[PDB]
Amino acid sequence: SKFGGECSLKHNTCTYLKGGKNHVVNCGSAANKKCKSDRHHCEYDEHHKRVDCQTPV
Ligand SMILES: [Zn+2]
Ligand SMILES: [Zn+2]
Ligand SMILES: [Zn+2]
């Protein structure tokens, strides 16, 4: 189960909506996972606690 959202450049986080609430998760440090473009689409994989903040739409 993956959840899509928008990343914050300043915070290096992925923001997403789930269950009527806002959530925020750390993008991480990999060069291909950190938030590099403000509000870029990002994905949070709940099963494996992995986040990718460079996933194109
Ligand atoms: Zn922050
Ligand atoms: Zn949450
Ligand atoms: Zn892009």
Side-chain angles (χ1 to χ4, degrees):
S1 65
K2 287 191 184 181
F3 303 113
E6 292 171 27
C7 75
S8 168
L9 181 65
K10 179 180 184 306
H11 297 264
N12 195 35
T13 55
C14 180
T15 72
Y16 67 92
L17 302 178
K18 178 185 179 283
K21 291 179 287 289
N22 293 115
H23 302 272
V24 184
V25 290
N26 173 34
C27 299
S29 57
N32 65 331
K33 305 292 179 174
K34 67 183 69 149
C35 186
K36 285 189 165 177
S37 189
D38 198 49
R39 312 311 296 187
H40 200 275
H41 177 47
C42 58
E43 298 173 357
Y44 165 52
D45 178 353
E46 189 184 55
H47 285 155
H48 297 293
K49 291 90 173 51
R50 297 292 188 179
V51 186
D52 184 339
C53 295
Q54 295 180 35
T55 51
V57 296

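As a basis for the values below, the full set of heavy atoms in this structure was taken, side chains included, without hydrogen atoms, waters or symmetry mates. Atoms within each ligand, like the ligands themselves, are counted from 1 in listed order. For reference, positions follow the sequence shown, starting with 1.
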### Task
Looking only at non-hydrogen atoms, find the nearest pair between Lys49 and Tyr44 and report the distance.
CA-CE1, 4.2 Å

### Task
Spell out, with a plain yes or no, whether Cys35 and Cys14 have SG atoms under 2.5 Å apart.
no

### Query
Where do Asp52 and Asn32 come nearest, in terms of heavy atoms and distance?
OD1-O, 3.5 Å

### Summary
Of all the N, O or S atoms in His23, the one nearest to the Zn ion (ligand 2) is ND1

### Presence of N, O or S from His41 under 2.8 Å of the Zn ion (ligand 3)
no

#### Entry: Pairwise side-chain hydrogen bond (donor to acceptor under 3.5 Å, both in side chains) hits with a residue in residues 5-16, at least two apart
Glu6-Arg39, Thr15-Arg39

### Message
Does any part of the side chain of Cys53, heavy atoms only, come nearer than 4.5 Å to the side chain of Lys34, both counted from C-beta?
### Response
no

### Query
For the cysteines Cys42 and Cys7, is the SG separation below 2.5 Å?
no

### Task
Measure across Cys27 and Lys33 and return the closest heavy-atom pair with its distance rounded to 0.1 Å.
CB-O, 3.6 Å

### Task
Could you please give the number of protein N/O/S atoms within less than 2.8 Å of the Zn ion (ligand 1)?
1

